[PDB]
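Right, one structure below, let's go through it.
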Amino acid sequence: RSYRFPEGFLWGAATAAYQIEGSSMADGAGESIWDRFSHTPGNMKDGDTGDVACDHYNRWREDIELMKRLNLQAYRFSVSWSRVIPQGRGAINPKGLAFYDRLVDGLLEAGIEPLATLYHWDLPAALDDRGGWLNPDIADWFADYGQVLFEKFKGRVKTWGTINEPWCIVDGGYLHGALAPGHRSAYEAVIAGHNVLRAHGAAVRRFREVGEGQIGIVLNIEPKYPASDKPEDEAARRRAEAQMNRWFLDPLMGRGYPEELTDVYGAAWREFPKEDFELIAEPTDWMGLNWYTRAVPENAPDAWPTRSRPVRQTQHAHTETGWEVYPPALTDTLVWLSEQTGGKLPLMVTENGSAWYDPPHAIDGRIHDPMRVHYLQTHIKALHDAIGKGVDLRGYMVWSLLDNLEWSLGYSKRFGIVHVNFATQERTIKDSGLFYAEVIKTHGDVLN
Amino acid sequence: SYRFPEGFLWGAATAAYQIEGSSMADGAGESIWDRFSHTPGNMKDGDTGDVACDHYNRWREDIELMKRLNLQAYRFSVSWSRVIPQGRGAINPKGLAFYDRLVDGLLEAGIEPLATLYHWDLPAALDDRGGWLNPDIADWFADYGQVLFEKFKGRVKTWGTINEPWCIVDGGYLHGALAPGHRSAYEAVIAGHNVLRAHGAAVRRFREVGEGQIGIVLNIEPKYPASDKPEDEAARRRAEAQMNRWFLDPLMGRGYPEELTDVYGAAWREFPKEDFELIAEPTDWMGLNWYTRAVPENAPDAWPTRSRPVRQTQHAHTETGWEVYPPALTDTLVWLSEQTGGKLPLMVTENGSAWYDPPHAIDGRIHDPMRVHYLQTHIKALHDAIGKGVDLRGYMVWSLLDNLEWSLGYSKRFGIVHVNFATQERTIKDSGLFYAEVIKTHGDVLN
Amino acid sequence: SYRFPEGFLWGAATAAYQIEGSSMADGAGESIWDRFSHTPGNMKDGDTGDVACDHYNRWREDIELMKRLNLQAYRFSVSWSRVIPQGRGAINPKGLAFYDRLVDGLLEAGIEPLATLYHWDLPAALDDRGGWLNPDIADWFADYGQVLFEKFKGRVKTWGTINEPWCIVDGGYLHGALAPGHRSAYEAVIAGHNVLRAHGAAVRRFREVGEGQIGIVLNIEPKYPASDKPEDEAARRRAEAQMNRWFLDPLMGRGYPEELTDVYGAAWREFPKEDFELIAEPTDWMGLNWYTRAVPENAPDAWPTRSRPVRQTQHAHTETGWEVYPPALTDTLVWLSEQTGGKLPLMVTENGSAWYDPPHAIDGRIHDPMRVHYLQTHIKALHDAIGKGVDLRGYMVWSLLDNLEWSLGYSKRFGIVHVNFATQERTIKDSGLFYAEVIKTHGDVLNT
Amino acid sequence: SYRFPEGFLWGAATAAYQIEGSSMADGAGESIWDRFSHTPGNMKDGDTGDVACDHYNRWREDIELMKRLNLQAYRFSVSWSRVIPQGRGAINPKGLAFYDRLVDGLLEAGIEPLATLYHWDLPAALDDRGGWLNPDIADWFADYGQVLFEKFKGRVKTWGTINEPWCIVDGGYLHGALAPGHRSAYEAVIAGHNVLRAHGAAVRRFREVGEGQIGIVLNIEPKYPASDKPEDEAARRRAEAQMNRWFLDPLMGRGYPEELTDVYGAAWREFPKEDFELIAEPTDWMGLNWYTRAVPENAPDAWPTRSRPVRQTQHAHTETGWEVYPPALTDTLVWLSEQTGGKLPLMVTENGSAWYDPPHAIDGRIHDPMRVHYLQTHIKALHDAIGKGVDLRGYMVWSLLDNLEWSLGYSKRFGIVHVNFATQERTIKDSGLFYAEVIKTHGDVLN
Ligand SMILES: OC[C@H]1O[C@@H](O)[C@H](O)[C@@H](O)[C@@H]1O
Ligand SMILES: OC[C@H]1O[C@@H](O)[C@H](O)[C@@H](O)[C@@H]1O
Ligand SMILES: OC[C@H]1O[C@@H](O)[C@H](O)[C@@H](O)[C@@H]1O
Ligand SMILES: OC[C@H]1O[C@@H](O)[C@H](O)[C@@H](O)[C@@H]1O
């Protein structure tokens, strides 16, 4: 059984700005919604903030050396909007942009392909005071922001992500309020989802106008499996699936919004002008999939708003985030996604990984995380299985390069293949990282 | 004796979303409360303002009720989104026509219309543009004000701009118990500033295109000492600054309270010099909303004022949990008279109490002796305040009707007229009958 | 007319721990409520019965208030631990002397003393031996009963054994909202059984050494249909069985309700037959405590009866959240008459309502029109019940005094006499003033 | 070097309700955990001990597992309700026959049986008589003890009376998180006293009819300073007194800690002198159950010790939220040696850690590196304690099997042998393998 991956298959690791950078108000950088959110009592586990995080803003060179040691061929990262344009619109912050300039040059020097994401949940607070994702004008704002980077890194950054996980942004930020900006409203949720899609489309158009290379959106998908043969449970499954997995993909593929949403959001649902949908379906060059687990939803009449709830799959191992470990569902998702996009759209797993308990410090220079290693090997094999079934998969990015701030869950959830001691900023490569380095090095042959 | 000054104006007060119903009828736009009340968990028993008192349909009956109560003034608010569905742009003819009919009808009955521009029901379309976090609202509001100023020129002579900035910001942006349901000190500071600016802009617009008298309406809750411990006094001043001085001081041209720098910490901001010039734009009158006092003590974990009220078990409490203590009204009025230098005519735009009443009348009656008591003792307290030199021009009872007490739903009844929400049947309570006699005798019944 | 039958006895009721105070005074022992009320979280506002109405010291004043109210009867309870500090053994002379003086004072006033042996205040020493879970309590109780039976032989002629077995067991052992604060269906079943046995043993002992009439006091909350749906009728029957028939049926020699097997499942037990012979020991009268009705519907997650009341929003509710609905009193009396075969003399030993009153009088008055309304409508309902052939001999208002409403503390005022708990000053409410007229006119005032 | 003293006994520990299952099978009576676990809300995920590890049926397999681990001792508890169904009266032949078979099987395997009389599973019939609140239990327990003492005379030579009085009382009577689920300080004080008395009575009875060595087993959680704040030191001493000195002190003839008067307030009681004579009956050995330390700070609303632990984020924490800090073991042992005058032979009857393991093996393996780390560091800490003169005779790993962690259910795995609760399949973890090597080399594997 060979597990050699196709020629040119790109191996890498991923991060996000607010989760690792720190130095949030340094060198002209503006205030973001997460600056506000994390400094409001009760919002974050243990009162954790992104003020320091992995201190990546200061230690990025060391982190690049770590990327070299892991044999990374790509590094997926996001750019902080508020660091580059403090008020979201208007004046550019020279120092802030200069950081990412140095970073990208350093990556290219090391032979690492820089994969940049425009928006990873950190909207400028100044734009939030103008309504944030509820204001349609954001489609323009985002575009302008996108342009600034497109021209600045022309020929250096060739592969672009627009939005990272619209569902997390809207469902967490506007529907239930567990994430910044912390709103709880179905009305706002539908409007926000629509404007996130529109902003993506606008950014793609602007990219056609001034940019060079390939651009696409990044979706998280959590495949919904049957709980039973009861029709109410199938209705539950379809509601959950529609709200989470089809909400954004369908209009991006020109299929409009899922019918089930009319039922999920009820009186909060809206009909939008057709030209919005033409803008939203603006053709992309590639698509990123963020994948971690599956769910098995059953009917739940009091669960707002999808009226569904996951059934705990006690037959399998679970991560520290409470996610079932089940690799075949990755293969299934990749096939499903290939079908939804017609096989015409190049795909990349832009995020995959797992959180398990690690001690806060290295133990004799080591971190032994056997379950993370297991997750890594089984899911990469599942990737190979997906390619064997004809899915056009071009690459794989491990979430995450570093133990970092897992947003509202703080530092308690470690996703890194590199351990970070948050007291000393000391980095220690985990057994999972060592293994991943070997997987890259053998181009998959180590799995045989 | 308790006879009141000549020309002293007696009335009752309401607000649009709390009584109107028909929130989406006849072109009416969606407001932030339409959204808020239809989100599960926000409202007690899942109550909404969809029907309320059905006043949009029964306003004539309600006016006849005003006549039975001998009212000389009626304080009400205009729903911004009913008049301007998108907050800016096209006027909604029927929505404006409702208030046209209402005001004309009031004038026919000899009742003075006291109009409030904003009573917490922001158009949702403006909320999607940031609401009170967007400085442009100062202009938006002004334009809205103009529409009314010109429409009711010569008919509505007494105007309120904003009703209770503190409730709007503290409830709506700081703690999130009210629409639009945000919870942020940063947003609270910005929103408070833009509320004050909006008031100023509306007053300027009124100077250019309006006719009559214009002013803001503040709620004040006097903070009394819990002890002689210094940390408790510091607590008292934090609470007082955050609730009672936050808006009054910049309105009187004295800037923001120093204590706010301590209350909001990193969320506090410095604002441009000209903003305070706009905010202190001279007004003609001021409204006071008053219900109770508080006795704050130090509470380090209470965010963000680090203070909390001490339950005053020696006195009666309302169904909203507010201490019954009329002397604090007198004091407050005096205090207010002093903060505004005595030059600014004051009016009690809201005062009243919530007690349990049955959901239906009992042989054509509702017996509410505690509400009657609250009424008589606090009106006497008004007389005492006038005796100490306060230029107090009138008194409006909250409320004319049992209505939607926002997030607390219909469970909190403030009306001097009972509303059976099953049948929309109105029954005048004993408090209403008594209030009618207080008006007719111009206070002599209190002797 | 609303004139009541000849000899119809009007009175008012209290309980020891709710009014007395002086819980550890003059040799008095520790009760389960002494412990319970001084455990944080158990009582609203941290209220205790340490002082209450200070009745232990102000009983003479309270008797003068009874005369002013024209009371013909005063129903009160005797604190077991005040009379027998350890529950068994040595008698406390001063403690017993209190009730001696009280009873003599009542007789001096021309007031019928109505004594209750047990009103929820078990001696802590007996609770340490298992309390109502220990079958030997049937004997302990009997012995305690004997002490009183002999002491007031010829003075107290009408005796209550247990006040509301359902509240004792459901509140004290099933859900833990009342002392001793256990939460167990197993314990609930056993405790209910032993409470019934204790009642029987006490009645037998009364036959051996006592004089007059003896009976139990049950509270009943009639369960009305929420719908004609069979699941709701089954729910109604479960609730009715657990609350209204659990104790009445074995007392009438009918055994335990079948539905209990379904309600309690694995916690249900079969008991020896002679136990049921003991439980059905013939009594002379029965007390009904009545306040409201319920309208139960099916509720699969409601433990353990799988039912829940539907809020009857068309009617007024008290501050304890109880629907005001007088016809249900009439129905209940009829029902009870039918269950007891018409052969057992009935008395309403508790009826009343809680509404907000200020903490102090207002120029010498307390105006409680809703309590007055409750009083007049429910007394009229009694007349209706007598008109339907129910053998009703009397009516006791709960309560004579504002007192400690157990776990709900002093916030719930049931008194027709207001108590300022800051000053212990008594002020007769409008309800008391009206009730005095009801007694005086023997019901004729309800006409005019 | 880490070679241990000659005769140092290596073993592993379990408890009856946590592993046996078949709780009311073969004549066995109902225990308080039978009731408690089958009452909704009491147990995580609704887990019960109905099946557990099915040890009642699979004990032979488990003994083969003990042999593969090179165990020299197996510490287990006897279910009171399995042996005497009503707690008093008739013996249950089958229930006793199980432990007879078990003990013979262990002796046959060359494994020293260490028996515990009470590990939290009081017979329900005795709970209906007041349980640990009824002083008569001192006698009941004694009788129960006698039954075992005589049945296993010459076979079971090392006896434990009570396992962790503090958990029994604090969990079962003070806070109500454990069976019998009471929450009362009054009851907590009484129950603690009667547990101590029961221990004494059992020791006396053992002197009359038993053979071998008898002792109690205490859990100790050493309390370290959170700060130099005096309120925090007072907090530390309250917590220390309530948890670590409550039982040890009267066992050593020093009476109850003074601080308890402050902790329990009005619930505290004075007891007869002869009670303390009974409680201090001389024992032959003492068991220490040890897992972690705590760092308490002042907490006025924390009932009743008014203290709370400060999270030590510089160190690793187990899945039960317990800090991993091996030196505190060494210190504790020394402290215990000092409190007992160095004259009383000590044994660590429980030490171990809970980390996440998958519910099934991979592949026929369970890799638990943190449990291995915990094991090596704490065993080294034992060696350090022995080097300082502590008379430590043995070490028992908690636990032999993944089992029911009481109210936290099966989610907390303490086993050095993994149990697949779907299939009852046992798989020796890396920790078990390593421990087997530690026993074999008598410590030399550590170096
Ligand atoms: O929750 C784990 C991860 O989920 C990903 O899909 C998000 O992009 C990350 O920001 C987050 O850390
Ligand atoms: O809480 C009672 C009343 O308080 C007033 O100050 C507000 O303006 C009303 O909207 C509210 O119903
Ligand atoms: O719930 C109010 C009243 O209910 C009666 O059934 C109880 O016997 C009283 O003790 C209690 O005060
Ligand atoms: O909490 C983990 C362990 O703690 C020990 O002290 C108890 O004796 C065990 O029964 C329990 O499983």
Side-chain angles (χ1 to χ4, degrees), chain C residues 16-17 29-36 77-91 116-149 159-174 178-182 184 186-206 208 214 216-217 246-247 250-251 269 271-272 274-279 281, chain D residues 86-88 124-131 133-137 180 182 187 190:
Chain C
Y17 189 77
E30 177 174 89
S31 76
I32 57 173
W33 277 100
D34 289 315
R35 294 181 174 177
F36 193 83
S77 81
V78 173
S79 168
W80 190 344
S81 69
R82 187 184 297 290
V83 172
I84 315 178
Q86 298 302 114
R88 303 169 69 199
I91 309 306
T116 306
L117 298 189
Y118 188 80
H119 207 134
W120 307 8
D121 51 349
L122 188 77
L126 297 187
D127 199 54
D128 294 341
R129 309 285 187 159
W132 293 110
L133 304 178
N134 189 328
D136 293 350
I137 194 161
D139 297 323
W140 302 338
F141 187 61
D143 288 343
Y144 158 53
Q146 176 175 349
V147 169
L148 294 188
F149 294 159
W159 297 86
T161 53
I162 308 282
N163 181 85
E164 293 176 355
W166 180 87
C167 285
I168 293 162
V169 176
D170 183 287
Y173 287 88
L174 180 58
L178 308 175
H182 299 196
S184 177
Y186 299 86
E187 292 184 20
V189 167
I190 293 166
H193 192 64
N194 284 329
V195 167
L196 288 168
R197 287 184 58 253
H199 159 82
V203 176
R204 286 186 180 176
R205 183 62 54 83
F206 183 77
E208 301 171 355
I214 191 161
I216 207 169
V217 170
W246 189 2
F247 303 97
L251 285 166
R269 292 180 175 77
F271 297 107
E274 68 177 1
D275 289 8
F276 297 99
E277 167 180 346
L278 171 62
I279 291 173
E281 179 74 18
Chain D
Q86 300 302 300
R88 303 166 304 172
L126 298 187
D127 199 55
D128 292 341
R129 311 286 185 160
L133 304 178
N134 190 328
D136 294 350
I137 194 160
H182 300 195
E187 291 185 20
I190 293 165

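Within every chain, numbering begins at 1; the chains are lettered A, B, ... in the order of the sequence lines, protein sequences first and strands thereafter.
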Exercise for the section: Answer yes or no: is there a donor N or O on one side and an acceptor on the other, between the side chain of C:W33 and the main chain of C:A179, under 3.5 Å? Expected result: no
Handout entry: Gap between atom CG of D:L133 and atom CG of C:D128 - 0.5 Å precision
Key = 5.0 Å
Handout entry: Student check: side-chain heavy atoms of C:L122 and C:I137 closer than 4.5 Å
Key = yes
Handout entry: Test ring pair (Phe, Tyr, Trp, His ring centres under 6.0 Å) applied to C:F247 and C:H193, step by step
Key = CA-CA 9 Å; C:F247 303 97; C:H193 192 64; over 10 Å; no
Practice task
Kindly indicate whether the side chain of C:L148, heavy atoms from C-beta on, has any atom under 4.5 Å from the side chain of C:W159.
Solution key: yes
Exercise for the section: Could you tell me the separation between the OG atom of C:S31 and the CZ atom of C:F36, rounded to the nearest 0.5 Å? Expected result: 11.5 Å
Handout entry: Closest non-hydrogen atom pair between C:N163 and C:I168, with its separation
Key = O-CD1, 3.5 Å
Handout entry: Exercise: do C:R129 and D:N134 side chains pair donor with acceptor under 3.5 Å
Key = yes
Practice task
Check whether any side-chain heavy atom of C:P123 lies under 4.5 Å from a side-chain heavy atom of C:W140, and answer yes or no.
Solution key: no
Problem - C:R197/C:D139 salt bridge by N-O under 4.0 Å criterion - result: no
Handout entry: Ring geometry between C:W80 and C:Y144 (parallel below 30°, tilted from 30 to 60°, perpendicular above 60°)
Key = parallel
Exercise for the section: Look up atom CD1 in C:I216 and atom OH in C:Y118, then write down how far apart they are to the nearest 0.5 Å. Expected result: 12.5 Å
Fill in the blank from the handout: Taken to the nearest 0.5 Å, the spacing of C:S79 OG from C:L117 CG works out to 12.0 Å
Handout entry: Under 3.5 Å donor-acceptor, C:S77 side chain and C:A16 backbone
Key = yes
Practice task
Starting at CD1 of C:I162, measure out to NE2 of C:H199 and round the result to the nearest 0.5 Å.
Solution key: 8.5 Å
Handout entry: Interatomic spacing from CG in C:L174 to OH in C:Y186 - rounded to 0.5 Å
Key = 12.5 Å
Problem - Test item: C:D121 side-chain N/O and C:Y17 main-chain N/O as donor-acceptor pair under 3.5 Å - result: no
Exercise for the section: If the plane angle is over 60° it's perpendicular, under 30° parallel, otherwise tilted; pick one for C:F149 and C:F206. Expected result: perpendicular
